[PDB]
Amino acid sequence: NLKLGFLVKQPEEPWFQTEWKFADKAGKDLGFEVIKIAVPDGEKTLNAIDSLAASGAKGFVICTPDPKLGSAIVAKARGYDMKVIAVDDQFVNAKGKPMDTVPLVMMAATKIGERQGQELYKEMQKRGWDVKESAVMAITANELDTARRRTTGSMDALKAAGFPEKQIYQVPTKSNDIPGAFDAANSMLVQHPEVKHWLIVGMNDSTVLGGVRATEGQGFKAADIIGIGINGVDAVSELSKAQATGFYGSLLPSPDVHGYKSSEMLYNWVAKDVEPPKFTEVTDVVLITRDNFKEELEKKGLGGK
């Protein structure tokens, strides 16, 4: 019967593959089929929408590849009598202000970013690094609000625990992926020869991993590096390696909730004109490291590791 879209900007990340698996579980429970389309750039996004109107879909969940496409995605969907829910990244108007009217499902970004900052400082104390030869590398993507609130929340926590403000160095990355973050961290590294230990701050696992691979290339051994990712499911290949590395752990939020919950809310609204709440913030988070990753994921239902 009913066909609903689930469009994601980055199908390569296990984060979005998980949302897709859980949207499928909601289609089997509620009686709808989920059409799964990758939308890595804005042209594919707008095309994908035409494509869903041709398959007869009545609505879609989307994680847009650029928040500034919001108006266009809304104009096209209104065009085809399709309801829209945004997952993870909020639509913004042309001036950059949030479009408050499309229902949104996202993580509590500031709170998880603060947890990241508090865990970096606890591991730094466990290792006993001297703060005078340590520094924070913060890889930022400030044009995306969800990314910006996670890195600022993390820098803010670090400064609140007492890490010196002037030894916090920010560098923007051009893409939210390993090659982008690598290039960014590499450029920051050669500018600071005085630093003997680094904390790496990034909004997600791929961003922290690019950071860590750059440090390795510049001769830091793992004891001198601490990076902690966000997404959990994306760091399982790192945490499964024989050897420990500078990537110490990752904060596991709930992509299963993002996937099923937005897909069930879209269906209630398409099928019973039941209006979704405008804003749903998911606060779940657990620290996974090489010691508990397998247990914690099996415990959240994401079995295998």
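Sequential numbering from 1, following the sequence displayed.
For the pair 251-259 and 55-63, the record assigns the higher mean C-alpha temperature factor to 55-63. Remark: stretch with higher mean C-alpha B factor among 233-241 and 44-52 is 44-52. As recorded in the PDB entry, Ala94 shows the highest C-alpha B-factor of the residues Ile168, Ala109, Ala94, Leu199.
Note on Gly117, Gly180, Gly79, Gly227: the highest value goes to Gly79, judged by CA B factor as recorded. The deposited CA B-factor of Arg213 belongs to the lowest third of values across its chain. Remark: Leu30 belongs to the highest third of its chain, ranked by C-alpha B-factor as recorded. The PDB entry assigns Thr289 a C-alpha temperature factor belonging to the lowest third of its chain's modelled residues. Among all modelled residues in this chain, the alpha-carbon of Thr146 has a temperature factor (C-alpha) in the middle third.
Ranked against the other modelled residues of its chain, the C-alpha B-factor of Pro103 as given in the entry falls in the middle third.
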